[PDB]
């Protein structure tokens, strides 16, 4: 199973973005996966949804799409990733440096969900302003952000990373408890997990995944001290050449006080 050393040495954010977030304008399963997540996130963080002071995104990778809805409802956002190269990409985007990845199609889609795709620059800058820090994280640690110690948060967000970080169902179950430690009682975990996925491509390089069934994920969430508040499933899959998953599950879970 590809572990931390393999990520640190060999995970290339530019290859990751080209595989899963190409914005080539074509009809594609990768685009549909992004759309599904953007839809779930608008439901979760838009009008009538979750709101609070602090949100921590765990395993952000080099991507910012996952917090476009969130920045309307959480004023202090932390992004975090295990892989140094990924944190560098995030900082390029936040700083508006020349090498920053162009997320415009996703920003526009996020705004479209809110009823006006024309306000995309406003959303882009609102997110950028809301992101206060970019930190190392490791979900296997009791405190995933160690040696940083943040105040307990209103929300922990994590998309498509836990199943890459964890080699087994047991590792995944423990990692959920580690995320739960970052939350206030009554706080929420928001997570999207790909199902029955054993591996995924990042450009020409293969990385491992733990193959999880949604029943297992659901039990793991309950066992980590949460209840399930919302659950949104789709059969949507990536190209099987990239990642042969059996659909996808987005879960909003509340840490029981």
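Residue numbers count along the first chain shown, from 1.
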{"item": "Which of 93 to 101 and 151 to 159 has higher mean CA B factor, as the PDB entry lists it", "value": "93 to 101"}
{"item": "Higher-scoring stretch by recorded Cα B factor average, 65 to 73 or 205 to 213", "value": "205 to 213"}
{"item": "Residue 32 CA temperature factor, ranked by third within the chain", "value": "middle"}
{"item": "Chain thirds of CA B-factor: placement of residue 143", "value": "lowest"}
{"item": "Ranked C-alpha temperature factor of residue 83 among modelled chain residues, by third", "value": "middle"}
{"item": "Entry-reported Cα temperature factor of residue 116, expressed as the chain third it lands in", "value": "highest"}
{"item": "Residue 54 - Cα temperature factor, lowest/middle/highest third of chain", "value": "middle"}
